[PDB]
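Each value in this text was obtained by applying a stated rule to the coordinates, not by laboratory testing. Every residue, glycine among them, receives a Cβ derived from its backbone with ideal geometry; neighbour counts consider all protein chains shown.
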Amino acid sequence: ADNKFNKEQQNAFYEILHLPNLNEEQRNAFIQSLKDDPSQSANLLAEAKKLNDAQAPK
């Protein structure tokens, strides 16, 4: 849990962390990037969401 994020950054953080189809590697990667530059919240969340969706078992 991280409380240094306000709203969008926080949603992005927790959503990326929540993404089940996003493996620990990429999850921790996007999380790291989220923490490194919170300004990329929507961007990283977008990439992570799209990647999570793409990596969704089919």
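If you take the residues in segment 23-41 that are of a type in the set (S, T, N, Q) and touching a helix residue (DSSP H, G or I) at 6+ places or on another chain (Cβ under 6 Å), which one is farthest from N6 (Cα to Cα)? Among residues in segment 23-41 that are of a type in the set (S, T, N, Q) and touching a helix residue (DSSP H, G or I) at 6+ places or on another chain (Cβ under 6 Å), the one farthest from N6 (Cα to Cα) is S33. Against the definition (out of contact with any helix residue (DSSP H, G or I) (no Cβ under 6 Å at 6 or more places or on another chain), surrounded by 12 or more Cβ atoms within 10 Å (Cβ to Cβ) and of a type in the set (G, A, S)), how does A12 come out, yes or no? No; evaluated as a whole, the condition is false for this residue. Looking for something touching a residue at least 24 places away in the same chain (Cβ under 8 Å) and exposed (fewer than 11 other Cβ atoms within 10 Å of the Cβ) - is there at least one such residue anywhere in segment 22-37? No; the residues of segment 22-37 include none that is touching a residue at least 24 places away in the same chain (Cβ under 8 Å) and exposed (fewer than 11 other Cβ atoms within 10 Å of the Cβ).
Against the conditions (1) out of contact with any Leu (no Cβ under 6 Å at 6 or more places or on another chain); (2) among the aliphatic types (A, V, I, L, M); (3) farther than 16 Å from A1 by Cβ, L44 satisfies every one except (1).
If the condition is being among the charged types (D, E, K, R) and assigned to a loop (DSSP other than H, G, I, E, B), then segment 3-45 contributes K4, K7, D37.
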